[PDB]
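Novice: Let me give you the structure first, and then I'll get to my questions.
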Amino acid sequence: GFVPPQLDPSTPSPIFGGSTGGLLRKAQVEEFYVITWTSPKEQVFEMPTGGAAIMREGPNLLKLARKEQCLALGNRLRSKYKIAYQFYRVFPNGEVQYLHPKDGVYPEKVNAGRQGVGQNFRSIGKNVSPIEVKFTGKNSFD
Amino acid sequence: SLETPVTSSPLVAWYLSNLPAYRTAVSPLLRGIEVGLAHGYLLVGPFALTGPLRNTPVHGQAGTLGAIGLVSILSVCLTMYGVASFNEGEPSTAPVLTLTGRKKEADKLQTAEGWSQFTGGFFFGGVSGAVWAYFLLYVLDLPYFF
Amino acid sequence: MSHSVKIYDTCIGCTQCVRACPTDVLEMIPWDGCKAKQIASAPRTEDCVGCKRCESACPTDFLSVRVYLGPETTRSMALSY
Amino acid sequence: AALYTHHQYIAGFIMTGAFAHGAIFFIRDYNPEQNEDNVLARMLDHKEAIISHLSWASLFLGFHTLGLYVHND
Amino acid sequence: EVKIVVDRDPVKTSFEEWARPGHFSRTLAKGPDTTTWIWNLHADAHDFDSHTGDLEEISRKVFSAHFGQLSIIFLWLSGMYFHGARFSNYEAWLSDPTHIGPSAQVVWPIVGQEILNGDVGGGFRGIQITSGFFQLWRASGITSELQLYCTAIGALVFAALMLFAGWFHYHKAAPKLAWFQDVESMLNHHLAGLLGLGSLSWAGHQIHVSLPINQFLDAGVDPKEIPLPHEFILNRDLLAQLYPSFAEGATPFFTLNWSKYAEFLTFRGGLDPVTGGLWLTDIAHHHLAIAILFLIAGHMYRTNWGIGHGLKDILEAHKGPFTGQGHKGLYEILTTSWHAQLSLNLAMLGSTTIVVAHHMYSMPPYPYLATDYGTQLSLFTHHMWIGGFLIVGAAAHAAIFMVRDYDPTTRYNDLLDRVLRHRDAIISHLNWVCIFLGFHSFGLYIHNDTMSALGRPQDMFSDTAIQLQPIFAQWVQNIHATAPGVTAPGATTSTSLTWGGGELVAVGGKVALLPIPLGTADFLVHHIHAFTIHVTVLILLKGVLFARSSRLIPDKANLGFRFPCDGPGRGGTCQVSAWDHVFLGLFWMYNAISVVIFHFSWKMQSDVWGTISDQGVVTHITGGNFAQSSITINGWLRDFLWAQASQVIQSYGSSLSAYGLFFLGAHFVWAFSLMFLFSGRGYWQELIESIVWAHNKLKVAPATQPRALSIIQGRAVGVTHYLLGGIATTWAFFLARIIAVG
Amino acid sequence: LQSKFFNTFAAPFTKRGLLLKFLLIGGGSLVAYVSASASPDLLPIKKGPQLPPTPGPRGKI
Amino acid sequence: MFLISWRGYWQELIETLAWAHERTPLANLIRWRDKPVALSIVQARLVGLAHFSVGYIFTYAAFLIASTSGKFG
Amino acid sequence: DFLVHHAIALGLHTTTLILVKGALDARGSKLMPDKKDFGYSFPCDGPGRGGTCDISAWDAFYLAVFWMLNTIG
Ligand SMILES: CC1=C(/C=C/C(C)=C/C=C/C(C)=C/C=C/C=C(C)/C=C/C=C(C)/C=C/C2=C(C)CCCC2(C)C)C(C)(C)CCC1
Ligand SMILES: CC1=C(/C=C/C(C)=C/C=C/C(C)=C/C=C/C=C(C)/C=C/C=C(C)/C=C/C2=C(C)CCCC2(C)C)C(C)(C)CCC1
Ligand SMILES: CC1=C(/C=C/C(C)=C\C=C\C(C)=C\C=C\C=C(C)/C=C/C=C(C)/C=C/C2=C(C)CCCC2(C)C)C(C)(C)CCC1
Ligand code: SF4
Ligand code: SF4
């Protein structure tokens, strides 16, 4: 897979006063997220957790608590200003993980190379009754 | 995050840093007994004056013994919380970074054994504060209203 | 693995779920079982939050993607604290 | 009065639990093929008629018992 | 600058559309494939902002809708005046209003309801009323059925005229944007034009018609030979006989020696023992001074000339250190989004309705009003209800604005930005205050009740036990009772009589007002009110502040204003839309209003209302057990709720029997609401499915495919039925009780 | 100075499990003793009603 | 209170309360062990039904005993 | 006594209706024909396709307990 990650660097942050939507104990103990994109021009955009702020020129760096907010902001940036982006996960050990594209091409369209994790080749009605599988680990949809 | 004058100011940070719950330059047991005697002197007042025997000449001892009992219950609760959350050889979870960024030694107050010393100190101090409030409220008791 | 996603061969490869997946779970892969020659896939069920909006879109006979519930975790619960 | 009310409410609760655990039996342990065409599997085939007729009895009794009451009132 | 620009004939008055429902919504106009179509049709009729994208057309539409509303109001007024003219005993009531029950509605003798036309005195039979029109019609010196008749006619004329104006302004001459969006001249006029000149012309109608005829009636005369109004202005000599100063034309006014008119324009204050009402001289001075004040206020803003301010030139100057740039640009927000204006105006209107409700009882303006008990009570509680509803609507539409038309890119602001930037702190602290008030205002009642049922009365919360004193209220009352001494020499007595100083006003063996003392029970009830209000504010403010996006759902706004949930994911996401926040807050507002009105009823019937003996001993309607039985919930049951519910429950076989019947249906619906509030949908969907099968079996399956109501509509119908049940119950209770005993 | 007194006069009160044991057994014993030795002057329960009560309706039963 | 107000409201409220307790001095030292989360939906329904039943039994039982104890006839 | 007996029969028939609908329609109706694979008590099956609040058979027992209490009262 010639789809390498980008190893999220430490680049400046958007101009924002700092507010009660930031991180909490969770981010400092378990995990948090960082979304990163390059911007075309200093404009205004509403952060997910409150108010609005301005971005800068070049690459950006925003931190957030949960992946859902990051991806919501990313879809907003892709449907409002037509720019690409990534977001990374961080662990308190110091690890950094690359999550969303996994190839660079959106998961919206086809790109061979992805495996087939979690298919069942039978219509929904073919599932069986729990009695046939009771007292076991298996379930009907498996 | 937001930093208003309340959460960020010289005098407020000074005050909060001076009270025993954050002055890491003292043994945890001593901070515990200090907060204990503080709350002991604290709670005797309303418990005694407004208790269910206030119209009786025993109301003093009554309120004081009730305060002592509440202190004992809360010390039990402290020890229970400590044994629940703090393991016996694992590290601390106290803030080890100050405002400037001086990497602070892990607060022994935030350890199992340290929490135990704290609990014992708090209990002894609460008892002492309650009995002191009693002796100052019912022997040398002119300049007050009660 | 907290929740669970299943996909069935009545998938018409219309690709509404992925466009509506809030937390980047599903995707498409090359198949031979429809015109669009593409079927769903769920290799990212960890971040599966559990909202049915995905299968609230699949315009098939009854359904083609099911979201079976299971145990809970820290990320499957939208926790942020 | 106390004994009567006691026993009646207990009977009601047990009666509800009965149908509850019956539905549980259907959900968890009923097998289709081990019961092909038997009276049990014969019930399910026309649940619509049963539900409809129960709803009809309910509607009749409700409408008329409420009508008479409001008229007298 | 500003001109009269309009446009000509956009839409033609053609019935082409009336036969095609849902012409406005593209989807609705296609056809009802199922039954939810006919719910969705009504559900979004008035939703103008979801029918276009430009403010011009929706502004025209709301301009026409306002005319529709005004036409309905005029028709209602006309119906009222008619029923007063042709179907009342109003003349007999004017003969002597001390012990003659106002009745203005008779019922047809068909189905045994003749008993409804009960005995009301004065040789009349009819359903007794409590609207309180009669005090007004006696204030304005109507005193003749011809006047009611012609007024009803004129009201009908104005109604048809307004309906016309509506049709014409929408269809033929539609206003343009630069007209609507021009708020400067609108403020200028409405300040100077509408309110000021209104109060001025009313002062006219009072000093030239009402005042003399009212003074004559107080002297005591059959209104038959009372001189007609116009015969009091044409021939001056009558008013001359009344008021010497009034026979001096216009010299004492223009020549600045206004003190001559002191007789009919004065500043007495207090009430008038002849009728307990207000000294009409005072109310005339009031209306006139208010007219002058509004006129001088109206001249603020520059409209076309070179003088005057600009509503853009006022905000941007204010910019403090903490907030920063201040109100810059807010002028654009409140000029480019109708919902914002609707919310602001609804909030202010609800507050004004509440304060009107309050100021009414404590200062009875009309004559012979503070002695028709039921009228006073019913007016107060009605105004309270209207205010509550208006406030909730304000919050809802504020949330709608927050969702749809808010955007920082062009409708920017630096104040609201800060507000939203720390919403969590606001909601957290308000929540904690709500918990604190709940505890220390209800647990007190619980403690008092318990320590009562345990045979420890001397450990209760009352005057006879551990004591809580509302010292600030008594302080203010003392100040208001000693203020006419030095601070306000131009007055004669206290501003009202409810202040803790003076005597009592009683007419026809009944009392109207007297001093009002405050006991610990008043402290407790006031804190209950404060707590419930704080909780309602918490609900609604949380809804508004979190309508955009919460820390649970990141992009709530994109999902729209009104949607049921976001699926059972992430542990369940039921009731997250601001719409559901309003659905919740409605119940709490209902509870606040209910407890407030109960407190009012008990306090009045236990400390003010009642009868006065020949010697002067007062025996109140309920015996004055408030300060000793309002401090136990069990008391509320026993002393007030159970006891004073007698007259409604024995009401069968009497004139008041109607008030009895509702007392059950009110409860019934009240029940019924639960069926919708508790259940869900899928169950009903499956039941409807089986019923559709049962029908289809007989070739009766209708093409309008049956569908159990959608979730949001289920919650809506539930809350509507619940509010209806509660309000109808308290309504029947109040009317039956007060009109029977009082 | 005060640190040594505070340490020594509360020295056995440092072990935590021992602390739970001591506090619980002491609280139980203390409340049991004070309630068994409750004086009637401050408790309206430690003495009887001491008055002839009221008979219920329908005679006495 | 449990049959009407469904979860998401209380979930957001718990979020706010959690942030509050987290950023408060003298209490941030005390941590929690189970992240506070509003009850589940079926759990809601259950506890609401339990409350309904308990109240609807206590009320009528006390009334039934008292009405015939005050009179014994 | 006649009117009260009729009201009691109403309560009986409608409570029976609730419970039997919960029993027979537990395997699955056209709203969710494969319900038999979701176990007994589940929150719901999503807000789409018409909304599916209170569709488990546990929820049927839930909605029946109310009428049981009512009839016994
Ligand atoms: C007349 C008379 C008589 C007779 C009587 C009789 C005979 C009666 C009967 C009665 C009856 C006869 C009754 C019945 C009842 C029934 C019931 C009550 C049922 C129930 C059911 C259920 C509960 C079910 C369940 C389930 C399900 C849900 C599903 C499946 C599974 C199961 C089974 C679990 C004599 C001569 C003796 C004497 C005189 C009088
Ligand atoms: C709130 C409300 C109400 C009430 C209302 C009212 C009461 C109103 C009033 C209003 C008013 C009170 C109005 C007024 C107006 C006035 C005006 C509009 C005037 C005008 C005038 C003019 C125009 C004149 C001119 C002139 C002449 C001719 C002579 C002199 C000179 C001059 C040139 C100036 C009711 C409850 C019923 C219903 C609901 C709502
Ligand atoms: C005859 C008939 C029947 C039956 C019926 C019934 C049974 C009914 C019932 C009913 C019930 C069981 C109840 C009801 C109730 C009602 C109500 C409840 C109404 C109300 C209305 C209104 C309109 C009100 C109003 C108001 C108030 C009072 C408050 C607020 C203000 C206002 C003015 C809004 C049958 C089916 C046989 C057949 C068909 C016909
Ligand atoms: S389920 Fe519907 S959406 Fe998801 S893949 Fe199959 S077809 Fe496309
Ligand atoms: S079931 Fe009804 S309520 Fe529960 S989540 Fe799905 S939609 Fe919201």
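Here's how to read the names in the structure tokens: chain A, B, ... by the order shown, residue numbers from 1 in each chain, ligand numbers from 1 in the order shown.
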At a cut-off of 10 Å around ligand 5, and using only C-alpha atoms and all ligand atoms, what residues come up? Please write them as a PyMOL selection string.

Specialist: (chain C and resi 51-52) or (chain E and resi 563-569+571-576+679-682+710-712) or (chain G and resi 6-8+41-42) or (chain H and resi 42-48+50-55)

Novice: Residues within 6 Å of stretch 63-67 of chain C, please, as a list in words. Count only C-alpha atoms; anything in the same chain fewer than 3 positions from it doesn't count.

Specialist: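 That gives residues 4, 5, 6, 7, 8, 10, 11, 55 and 60 of chain C.
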
Novice: Determine which residues of chain H sit within 10 Å of chain A, taking into account only C-alpha atoms, and present them as a VMD selection string.

Specialist: chain H and resid 27 33 to 34 36 to 39

Novice: Counting only C-alpha atoms and all ligand atoms, what are the residues, protein, DNA or RNA alike, that approach ligand 1 to within 10 Å? I want them as a PDB file with N, CA and C atoms, in the first residue's frame.

Specialist:
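result33.pdb written:
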```pdb
ATOM      1  N   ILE D  14     -49.137 -11.422  39.231  1.00  0.00           N
ATOM      2  CA  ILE D  14     -48.748 -12.740  38.738  1.00  0.00           C
ATOM      3  C   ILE D  14     -49.308 -12.973  37.342  1.00  0.00           C
ATOM      4  N   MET D  15     -50.541 -12.524  37.103  1.00  0.00           N
ATOM      5  CA  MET D  15     -51.146 -12.714  35.790  1.00  0.00           C
ATOM      6  C   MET D  15     -50.363 -11.980  34.712  1.00  0.00           C
ATOM      7  N   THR D  16     -49.861 -10.785  35.026  1.00  0.00           N
ATOM      8  CA  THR D  16     -49.033 -10.080  34.049  1.00  0.00           C
ATOM      9  C   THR D  16     -47.732 -10.834  33.790  1.00  0.00           C
ATOM     10  N   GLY D  17     -47.062 -11.260  34.862  1.00  0.00           N
ATOM     11  CA  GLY D  17     -45.838 -12.028  34.700  1.00  0.00           C
ATOM     12  C   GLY D  17     -46.010 -13.258  33.834  1.00  0.00           C
ATOM     13  N   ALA D  18     -47.193 -13.872  33.883  1.00  0.00           N
ATOM     14  CA  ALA D  18     -47.453 -15.052  33.064  1.00  0.00           C
ATOM     15  C   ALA D  18     -47.228 -14.763  31.582  1.00  0.00           C
ATOM     16  N   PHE D  19     -47.988 -13.816  31.030  1.00  0.00           N
ATOM     17  CA  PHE D  19     -47.834 -13.485  29.617  1.00  0.00           C
ATOM     18  C   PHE D  19     -46.450 -12.932  29.313  1.00  0.00           C
ATOM     19  N   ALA D  20     -45.832 -12.239  30.272  1.00  0.00           N
ATOM     20  CA  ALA D  20     -44.462 -11.783  30.059  1.00  0.00           C
ATOM     21  C   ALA D  20     -43.542 -12.959  29.751  1.00  0.00           C
ATOM     22  N   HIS D  21     -43.511 -13.944  30.645  1.00  0.00           N
ATOM     23  CA  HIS D  21     -42.643 -15.090  30.420  1.00  0.00           C
ATOM     24  C   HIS D  21     -43.088 -15.934  29.230  1.00  0.00           C
ATOM     25  N   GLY D  22     -44.366 -15.886  28.855  1.00  0.00           N
ATOM     26  CA  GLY D  22     -44.776 -16.540  27.619  1.00  0.00           C
ATOM     27  C   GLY D  22     -44.128 -15.915  26.396  1.00  0.00           C
ATOM     28  N   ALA D  23     -44.212 -14.588  26.294  1.00  0.00           N
ATOM     29  CA  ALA D  23     -43.520 -13.894  25.216  1.00  0.00           C
ATOM     30  C   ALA D  23     -42.031 -14.201  25.239  1.00  0.00           C
ATOM     31  N   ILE D  24     -41.457 -14.335  26.435  1.00  0.00           N
ATOM     32  CA  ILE D  24     -40.042 -14.685  26.525  1.00  0.00           C
ATOM     33  C   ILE D  24     -39.796 -16.066  25.931  1.00  0.00           C
ATOM     34  N   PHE D  25     -40.691 -17.015  26.218  1.00  0.00           N
ATOM     35  CA  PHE D  25     -40.588 -18.340  25.614  1.00  0.00           C
ATOM     36  C   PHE D  25     -40.598 -18.266  24.097  1.00  0.00           C
ATOM     37  N   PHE D  26     -41.476 -17.439  23.534  1.00  0.00           N
ATOM     38  CA  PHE D  26     -41.495 -17.310  22.080  1.00  0.00           C
ATOM     39  C   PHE D  26     -40.190 -16.722  21.564  1.00  0.00           C
ATOM     40  N   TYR D  30     -38.683 -21.044  21.323  1.00  0.00           N
ATOM     41  CA  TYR D  30     -39.548 -21.655  20.322  1.00  0.00           C
ATOM     42  C   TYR D  30     -38.743 -22.083  19.105  1.00  0.00           C
ATOM     43  N   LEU D  40     -49.333 -24.758  18.268  1.00  0.00           N
ATOM     44  CA  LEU D  40     -48.524 -23.613  18.655  1.00  0.00           C
ATOM     45  C   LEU D  40     -48.185 -22.783  17.425  1.00  0.00           C
ATOM     46  N   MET D  43     -51.085 -20.996  15.949  1.00  0.00           N
ATOM     47  CA  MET D  43     -51.493 -19.712  16.508  1.00  0.00           C
ATOM     48  C   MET D  43     -50.917 -18.554  15.701  1.00  0.00           C
ATOM     49  N   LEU D  44     -49.590 -18.538  15.543  1.00  0.00           N
ATOM     50  CA  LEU D  44     -48.895 -17.401  14.942  1.00  0.00           C
ATOM     51  C   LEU D  44     -49.456 -17.041  13.574  1.00  0.00           C
TER      52      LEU D  44
ATOM     53  N   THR H  16     -55.471  -7.882  28.391  1.00  0.00           N
ATOM     54  CA  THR H  16     -55.189  -9.084  27.620  1.00  0.00           C
ATOM     55  C   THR H  16     -54.685  -8.731  26.231  1.00  0.00           C
ATOM     56  N   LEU H  19     -50.980  -7.592  26.386  1.00  0.00           N
ATOM     57  CA  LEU H  19     -50.035  -8.675  26.628  1.00  0.00           C
ATOM     58  C   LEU H  19     -49.959  -9.638  25.447  1.00  0.00           C
ATOM     59  N   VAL H  20     -51.095  -9.969  24.832  1.00  0.00           N
ATOM     60  CA  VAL H  20     -51.074 -10.945  23.746  1.00  0.00           C
ATOM     61  C   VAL H  20     -50.404 -10.352  22.517  1.00  0.00           C
ATOM     62  N   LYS H  21     -50.612  -9.056  22.271  1.00  0.00           N
ATOM     63  CA  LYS H  21     -49.878  -8.408  21.195  1.00  0.00           C
ATOM     64  C   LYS H  21     -48.386  -8.474  21.463  1.00  0.00           C
ATOM     65  N   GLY H  22     -47.983  -8.241  22.711  1.00  0.00           N
ATOM     66  CA  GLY H  22     -46.574  -8.360  23.040  1.00  0.00           C
ATOM     67  C   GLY H  22     -46.046  -9.764  22.828  1.00  0.00           C
ATOM     68  N   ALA H  23     -46.889 -10.764  23.064  1.00  0.00           N
ATOM     69  CA  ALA H  23     -46.449 -12.148  22.933  1.00  0.00           C
ATOM     70  C   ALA H  23     -46.318 -12.552  21.469  1.00  0.00           C
ATOM     71  N   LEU H  24     -47.416 -12.470  20.715  1.00  0.00           N
ATOM     72  CA  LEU H  24     -47.422 -13.002  19.356  1.00  0.00           C
ATOM     73  C   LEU H  24     -46.526 -12.191  18.429  1.00  0.00           C
TER      74      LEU H  24
END
```

Novice: Using only C-alpha atoms, find the one residue out of B:36, B:69, B:95, B:28 that sits nearest to chain G.

Specialist: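 Nearest candidate to chain G out of B:36, B:69, B:95, B:28: B:95.
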
Novice: What residues of the protein or nucleic acid chains come within 9 Å of ligand 2 when you use only C-alpha atoms and all ligand atoms? Reply as a ChimeraX atom specification.

Specialist: /E:73-74,77,193-202

Novice: Those residues with N, CA, C and O atoms, as an mmCIF file, in the first residue's frame please?

Specialist:
```
data_model
loop_
_atom_site.group_PDB
_atom_site.id
_atom_site.type_symbol
_atom_site.label_atom_id
_atom_site.label_comp_id
_atom_site.auth_asym_id
_atom_site.auth_seq_id
_atom_site.Cartn_x
_atom_site.Cartn_y
_atom_site.Cartn_z
ATOM 1 N N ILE E 73 -59.672 39.817 15.881
ATOM 2 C CA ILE E 73 -59.837 40.512 17.157
ATOM 3 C C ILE E 73 -61.013 41.480 17.093
ATOM 4 O O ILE E 73 -61.814 41.576 18.036
ATOM 5 N N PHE E 74 -61.134 42.217 15.987
ATOM 6 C CA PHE E 74 -62.254 43.139 15.837
ATOM 7 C C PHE E 74 -63.584 42.396 15.815
ATOM 8 O O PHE E 74 -64.564 42.849 16.417
ATOM 9 N N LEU E 77 -64.429 41.521 19.397
ATOM 10 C CA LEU E 77 -64.935 42.683 20.123
ATOM 11 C C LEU E 77 -66.367 43.000 19.715
ATOM 12 O O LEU E 77 -67.204 43.347 20.560
ATOM 13 N N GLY E 193 -46.705 58.361 17.481
ATOM 14 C CA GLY E 193 -48.017 58.252 16.878
ATOM 15 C C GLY E 193 -49.014 57.391 17.621
ATOM 16 O O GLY E 193 -50.018 57.901 18.125
ATOM 17 N N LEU E 194 -48.753 56.088 17.706
ATOM 18 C CA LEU E 194 -49.789 55.156 18.139
ATOM 19 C C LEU E 194 -50.092 55.300 19.625
ATOM 20 O O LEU E 194 -51.229 55.587 20.015
ATOM 21 N N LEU E 195 -49.083 55.106 20.472
ATOM 22 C CA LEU E 195 -49.324 55.044 21.911
ATOM 23 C C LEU E 195 -49.685 56.414 22.474
ATOM 24 O O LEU E 195 -50.713 56.574 23.143
ATOM 25 N N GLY E 196 -48.838 57.410 22.231
ATOM 26 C CA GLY E 196 -49.064 58.749 22.738
ATOM 27 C C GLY E 196 -50.399 59.359 22.363
ATOM 28 O O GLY E 196 -51.192 59.710 23.242
ATOM 29 N N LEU E 197 -50.652 59.510 21.060
ATOM 30 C CA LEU E 197 -51.930 60.059 20.622
ATOM 31 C C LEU E 197 -53.095 59.197 21.079
ATOM 32 O O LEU E 197 -54.193 59.711 21.306
ATOM 33 N N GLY E 198 -52.879 57.895 21.230
ATOM 34 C CA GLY E 198 -53.913 57.033 21.758
ATOM 35 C C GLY E 198 -54.318 57.429 23.162
ATOM 36 O O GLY E 198 -55.498 57.678 23.435
ATOM 37 N N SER E 199 -53.335 57.477 24.063
ATOM 38 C CA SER E 199 -53.617 57.895 25.431
ATOM 39 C C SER E 199 -54.178 59.309 25.478
ATOM 40 O O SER E 199 -55.017 59.614 26.331
ATOM 41 N N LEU E 200 -53.749 60.176 24.560
ATOM 42 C CA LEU E 200 -54.246 61.548 24.547
ATOM 43 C C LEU E 200 -55.726 61.588 24.189
ATOM 44 O O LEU E 200 -56.535 62.214 24.886
ATOM 45 N N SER E 201 -56.094 60.938 23.087
ATOM 46 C CA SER E 201 -57.495 60.870 22.698
ATOM 47 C C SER E 201 -58.345 60.182 23.759
ATOM 48 O O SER E 201 -59.511 60.548 23.956
ATOM 49 N N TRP E 202 -57.784 59.200 24.469
ATOM 50 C CA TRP E 202 -58.553 58.583 25.544
ATOM 51 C C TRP E 202 -58.750 59.544 26.709
ATOM 52 O O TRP E 202 -59.829 59.586 27.309
#
```

Novice: Given a cut-off of 6 Å, what residues near ligand 4 show up using only C-alpha atoms and all ligand atoms, put as an mmCIF file with N, CA, C and O atoms, in the first residue's frame?

Specialist:
```
data_model
loop_
_atom_site.group_PDB
_atom_site.id
_atom_site.type_symbol
_atom_site.label_atom_id
_atom_site.label_comp_id
_atom_site.auth_asym_id
_atom_site.auth_seq_id
_atom_site.Cartn_x
_atom_site.Cartn_y
_atom_site.Cartn_z
ATOM 1 N N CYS C 11 -27.341 -5.354 -0.556
ATOM 2 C CA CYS C 11 -26.673 -4.083 -0.811
ATOM 3 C C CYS C 11 -26.679 -3.770 -2.298
ATOM 4 O O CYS C 11 -26.155 -4.542 -3.103
ATOM 5 N N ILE C 12 -27.268 -2.633 -2.664
ATOM 6 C CA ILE C 12 -27.343 -2.236 -4.064
ATOM 7 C C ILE C 12 -26.179 -1.312 -4.397
ATOM 8 O O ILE C 12 -26.153 -0.692 -5.466
ATOM 9 N N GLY C 13 -25.203 -1.231 -3.497
ATOM 10 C CA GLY C 13 -24.029 -0.404 -3.729
ATOM 11 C C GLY C 13 -24.345 1.047 -4.016
ATOM 12 O O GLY C 13 -23.681 1.673 -4.850
ATOM 13 N N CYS C 14 -25.352 1.599 -3.339
ATOM 14 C CA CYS C 14 -25.772 2.973 -3.582
ATOM 15 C C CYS C 14 -24.938 3.989 -2.816
ATOM 16 O O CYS C 14 -24.919 5.163 -3.199
ATOM 17 N N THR C 15 -24.262 3.566 -1.750
ATOM 18 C CA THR C 15 -23.342 4.413 -0.993
ATOM 19 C C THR C 15 -24.041 5.660 -0.445
ATOM 20 O O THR C 15 -23.716 6.795 -0.798
ATOM 21 N N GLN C 16 -25.023 5.429 0.423
ATOM 22 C CA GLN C 16 -25.565 6.481 1.275
ATOM 23 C C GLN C 16 -25.031 6.410 2.696
ATOM 24 O O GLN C 16 -24.811 7.449 3.323
ATOM 25 N N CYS C 17 -24.829 5.198 3.212
ATOM 26 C CA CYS C 17 -24.342 5.024 4.575
ATOM 27 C C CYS C 17 -23.026 5.759 4.789
ATOM 28 O O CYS C 17 -22.902 6.585 5.700
ATOM 29 N N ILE C 39 -19.600 -3.124 -2.683
ATOM 30 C CA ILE C 39 -20.375 -3.504 -1.511
ATOM 31 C C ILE C 39 -19.769 -2.837 -0.285
ATOM 32 O O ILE C 39 -18.623 -2.384 -0.296
ATOM 33 N N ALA C 40 -20.560 -2.777 0.783
ATOM 34 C CA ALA C 40 -20.127 -2.106 1.997
ATOM 35 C C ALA C 40 -19.056 -2.924 2.716
ATOM 36 O O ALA C 40 -18.744 -4.060 2.349
ATOM 37 N N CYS C 58 -30.348 3.250 4.069
ATOM 38 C CA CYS C 58 -30.364 2.139 3.123
ATOM 39 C C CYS C 58 -31.754 1.905 2.545
ATOM 40 O O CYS C 58 -32.629 1.355 3.225
ATOM 41 N N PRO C 59 -31.994 2.300 1.295
ATOM 42 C CA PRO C 59 -33.350 2.229 0.742
ATOM 43 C C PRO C 59 -33.684 0.895 0.096
ATOM 44 O O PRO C 59 -34.245 0.865 -1.002
ATOM 45 N N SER C 64 -30.272 -3.658 4.367
ATOM 46 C CA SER C 64 -29.096 -4.389 3.929
ATOM 47 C C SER C 64 -27.905 -4.201 4.847
ATOM 48 O O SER C 64 -26.936 -4.955 4.726
ATOM 49 N N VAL C 65 -27.941 -3.234 5.757
ATOM 50 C CA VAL C 65 -26.914 -3.064 6.772
ATOM 51 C C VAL C 65 -27.609 -2.965 8.123
ATOM 52 O O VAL C 65 -28.501 -2.130 8.314
#
```

Novice: Please check the contacts: residues of chain D at most 12 Å away from chain G, using only C-alpha atoms, listed as number ranges by chain.

Specialist: D: 1-6, 9-10, 13

Novice: Mind the document's chain letters and residue numbers, and return as a list in words the residues of stretch 90-147 of chain E that DSSP labels strand (DSSP E or B).

Specialist: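 Result set for stretch 90-147 of chain E (strand (DSSP E or B)): residues 103, 119, 125 and 128 of chain E.
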
Novice: May I have the selected residues written with N, CA, C and O atoms, as a PDB file, in the first residue's frame?

Specialist:
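This is the output file again-v8.pdb:
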```
ATOM      1  N   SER E 103     -74.807  39.229  34.108  1.00  0.00           N
ATOM      2  CA  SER E 103     -75.061  38.111  33.212  1.00  0.00           C
ATOM      3  C   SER E 103     -75.147  38.625  31.786  1.00  0.00           C
ATOM      4  O   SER E 103     -75.807  39.634  31.521  1.00  0.00           O
ATOM      5  N   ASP E 119     -80.822  32.105  38.272  1.00  0.00           N
ATOM      6  CA  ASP E 119     -81.263  33.365  38.858  1.00  0.00           C
ATOM      7  C   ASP E 119     -80.058  34.284  39.018  1.00  0.00           C
ATOM      8  O   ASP E 119     -79.116  33.962  39.750  1.00  0.00           O
ATOM      9  N   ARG E 125     -82.611  36.101  33.485  1.00  0.00           N
ATOM     10  CA  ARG E 125     -82.096  34.743  33.579  1.00  0.00           C
ATOM     11  C   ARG E 125     -81.007  34.579  32.534  1.00  0.00           C
ATOM     12  O   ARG E 125     -81.213  34.922  31.368  1.00  0.00           O
ATOM     13  N   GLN E 128     -74.184  33.399  34.287  1.00  0.00           N
ATOM     14  CA  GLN E 128     -73.414  34.484  34.872  1.00  0.00           C
ATOM     15  C   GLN E 128     -72.037  34.557  34.225  1.00  0.00           C
ATOM     16  O   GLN E 128     -71.457  33.544  33.831  1.00  0.00           O
TER      17      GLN E 128
END
```
